[PDB]
Amino acid sequence: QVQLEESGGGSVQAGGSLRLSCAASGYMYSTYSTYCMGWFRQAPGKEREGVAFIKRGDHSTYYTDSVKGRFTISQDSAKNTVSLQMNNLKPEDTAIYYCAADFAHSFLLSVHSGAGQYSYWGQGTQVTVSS
Amino acid sequence: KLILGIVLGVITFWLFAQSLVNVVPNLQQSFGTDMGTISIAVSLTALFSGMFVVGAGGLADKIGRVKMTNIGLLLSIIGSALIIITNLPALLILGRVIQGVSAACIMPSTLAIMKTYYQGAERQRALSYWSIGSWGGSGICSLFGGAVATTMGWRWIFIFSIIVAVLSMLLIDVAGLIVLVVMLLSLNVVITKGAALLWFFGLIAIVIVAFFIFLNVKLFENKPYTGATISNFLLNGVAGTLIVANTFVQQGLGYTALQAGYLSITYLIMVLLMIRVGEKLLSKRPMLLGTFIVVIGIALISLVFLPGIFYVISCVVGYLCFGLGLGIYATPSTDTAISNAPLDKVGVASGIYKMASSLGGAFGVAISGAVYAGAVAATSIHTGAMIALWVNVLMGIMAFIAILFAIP
Ligand SMILES: [Zn+2]
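Draft legend 1. Structural context of the overall build of chain A. Looking only at helices and strands, chain A features zero helices and 13 strands. Each helix and strand of chain A, placed in order from N terminus to C terminus, yields the pattern β-β-β-β-β-β-β-β-β-β-β-β-β. The C-alpha atoms of chain A give a radius of gyration of 14 Å, which matches the 14 Å a tight globule of 131 residues would have. Along the longest, intermediate and shortest principal axes, the C-alpha atoms of chain A span 50 × 30 × 25 Å. At a minimum sequence separation of 6, the contacts of chain A that also span at least 24 residues come to 57%.

The structure is reproduced here in structure tokens:
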């Protein structure tokens, strides 16, 4: 009973910029615990691939190679939400972006990426780029 | 003496057990099977423990106390050895099941040795050191397992289980029991399904059905020990206070994971240095002090829902005032139960006091979370938080009013 309500994305010209936000409803922290949160993309062609993830507890970010430098995941701590600020988007980035969050764990443990680890998934938000 | 020195080694066999719960992502790759199936696998420990601790206490009552404590500490070797040996899915299930029944054996039996250890006055020194064993054991189960996973790994956190379980031993009739476990098995996962889920009203039946079938089928208690047990349940209802507080601070006010640690470990150091003052405090006086001063603990964190700049003061004093109150009531309540209980039926009576403690928590958390998750969805974080904190105050007041049915 932990909904992930995600917003933003949409179509844009190539080399442009797009925002993708996603907040987690009614997801509580244990006595010395936190959870990791980010997006996976999946174009009609290739299979589900990881993009960017952040450890909610201590802003511990991790990116994939493809998007490194252009994309910048971050949490608006006061408004309580993660958001992936995408830039210089290439037509490879064209896919359906899925916001996901894994089951809680000790905050001492490191940030996660593997799709097997992530357990809460969003409906999915579409993003497309072109000439 | 080396009477507790071994006993605490059996309580620290239940620190290592509940540390692995907070390191599920590491052994999901090793054991291979996905999350959700491997998670419920690790859940089985406290699951099997909660339903068997009553029976395992009543069978320790007859078969022998140190007999069962020998069984448990021996069963804590295979419980850990099975898991740490090889990581694979179907095996991981059984390893935690026996880890669960291992705790069911230890808790009631080692609680009975303490009465033989002193039998008055020098019993409070033992029960206090027993409380240090469990509250320290659970209090850092997460912060430990995580710190171990970083440097060494998930393997070197469970090799410490076998060696401490041996070093412990170095210092050493199914009357509806099947319709008891079926009521507890269900009731244990009525709070977990209550959040998830239908089996929401469906699983409440098999609790109520297996309750009345077990009601008319060892039920024989009438003394202030009952008052001490019922009060214990209501007090553990305000356990949710901390989890809803940690959430509010880290999500609402937006602090880091380490600040959450400092506010929490401050509460942990406090409570562990009051169970010491608890034995000196003594029966009804300190338990009325504890059940009262915890309600203040909430009020200071409730008022942080209408904060200022210097309300980190008002929040901190909350964690302290909450922490000490548990510690004050901590070592007198365990005594008032362990004392009044008959010397013939200690293993049976102790298991009931420990489960009433267990359910109290799980029950409290479920309410606190559900209220928070509902109130924050209706209104905001700051508003919704206080609504959940208030629901704890009521239970904390009821825990203070629960002492009304507990004479000196
Ligand atoms: Zn994670």
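Draft legend 2. Expanded view of the state of the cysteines. Between the sulfur atoms of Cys-22 of chain A and its disulfide partner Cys-99 of chain A the distance amounts to 2.0 Å. Disulfide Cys-22 of chain A to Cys-99 of chain A: torsion about the S-S bond roughly -75°, handedness left-handed. A residue pair is termed long-range when its members are at least 10 positions apart, and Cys-22 of chain A in strand β3 (residues 17–24) and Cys-99 of chain A in strand β10 (residues 95–102) qualify at 77 residues. In this model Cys-321 of chain B remains outside any disulfide bridge; the closest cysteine sulfur is found in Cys-315 of chain B, 12 Å from its own.

Draft legend 3. The arrangement of the packing of aromatic side chains in detail. Centroid distance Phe-103 of chain A to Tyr-120 of chain A: 5.2 Å. Interplanar angle 70°. Geometry classified as edge-to-face. Of the two residues, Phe-103 of chain A is situated in the loop between β10 and β11 (105–106) and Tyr-120 of chain A in strand β12 (residues 118–121); the sequence distance between them amounts to 17 residues. For the ring pair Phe-211 of chain B and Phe-212 of chain B, a centre distance of 4.6 Å and an interplane angle of 55° mean the geometry is tilted. When the ring centre of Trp-14 of chain B is taken as reference, the NZ or CZ atom of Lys-354 of chain B above it lies at 4.9 Å.

Draft legend 4. A look at the interface of chain A and chain B. Taken together, the 29 residues of chain A in the interface contact 33 residues of chain B. When contributions to the side of chain A that touches chain B are tallied by element, the ones reaching two or more residues are β4 (33–34) and β11 of chain A.

Draft legend 5. Expanded view of unusual backbone geometry. All names here are of chain A. Located in the positive-phi region is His-59, a residue other than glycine, with phi close to 45°. Mapped onto the secondary structure, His-59 falls in the loop between β6 (49–55) and β7 (60–63). Backbone geometry at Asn-88 places phi at a positive 45°, although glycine is not the residue there. Within the secondary structure layout, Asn-88 lies in the loop between β9 (81–87) and β10.

Draft legend 6. Layout of the pattern of salt bridges. Residue and element names in this part refer to chain A. Between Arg-41 and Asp-93 there is a salt bridge whose closest N-O contact spans 3.8 Å. Here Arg-41, found in strand β5 (residues 36–42), pairs with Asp-93, found in the loop between β9 and β10; they are 52 residues apart in sequence, far enough to count as distant. With a closest N to O distance of 3.8 Å, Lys-55 and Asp-58 form a salt bridge. Connected through shared salt-bridge partners, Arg-41, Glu-49, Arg-70 and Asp-93 make up one network.

Draft legend 7. Region of interest: the pairing of strand β8 (residues 72–76) of chain A. Residue and element names in this part refer to chain A. Here β8 pairs with β9 via five bridges, running antiparallel. Bridge pairing in β9 links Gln-75 to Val-82. With antiparallel pairing between neighbouring strands as the criterion, β8 and β9 make up a hairpin whose turn holds four residues, including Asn-80 at a positive phi of roughly 60°.

Draft legend 8. Looking closely at the packing of helix α1 (residues 4–11) of chain B against helix α6 (residues 124–139) of chain B. Residues and elements named next belong to chain B. Their axes nearest at 9 Å, the elements α1 and α6 cross at an angle of 25°. Relative to α6, the element α1 lies roughly parallel. Where α1 crosses over α6, the handedness of that crossing is right-handed. Note on element contacts: α6 touches α1 through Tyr-129, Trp-130, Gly-133 and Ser-134, opposite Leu-4, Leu-8 and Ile-11. Among the residues forming the contact of α1 with α6, the class breakdown is five nonpolar, two polar and no charged.

Thresholds applied
- Residues numbered from 1 in each chain as written, not as in the entry; some residues may be left out.
- Chains lettered and ligands numbered in written order.
- Heavy atoms only, no water.
- Residues with missing side-chain atoms left out of burial classes, pairs and counts.
- Helix = DSSP H or I, 4+ residues; strand = E, 2+ residues; numbered from the N terminus.
- Rg over C-alpha atoms; globule rule 2.2 N^0.38 Å.
- Contact = heavy atoms within 4.5 Å.
- Disulfide = S-S within 2.5 Å.
- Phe/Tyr/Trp six-rings, centres within 6.5 Å; stacked < 30°, edge-to-face > 60°.
- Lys NZ or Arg CZ within 6 Å of the ring centre and 35° of its normal.
- Salt bridge = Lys/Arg side-chain N within 4 Å of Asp/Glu carboxyl O.
- Pairing = 2+ DSSP bridges.
- Axes fitted to C-alpha atoms, helices over the stretch in contact; angles between N-to-C directions.
- Parallel < 35°, antiparallel > 145°, perpendicular 65-115°, else oblique.
- Left-handed = near helix turned anticlockwise from the far one by under 90°.
- Nonpolar A, V, L, I, M, F, W, Y, C, P; charged D, E, K, R; others polar.

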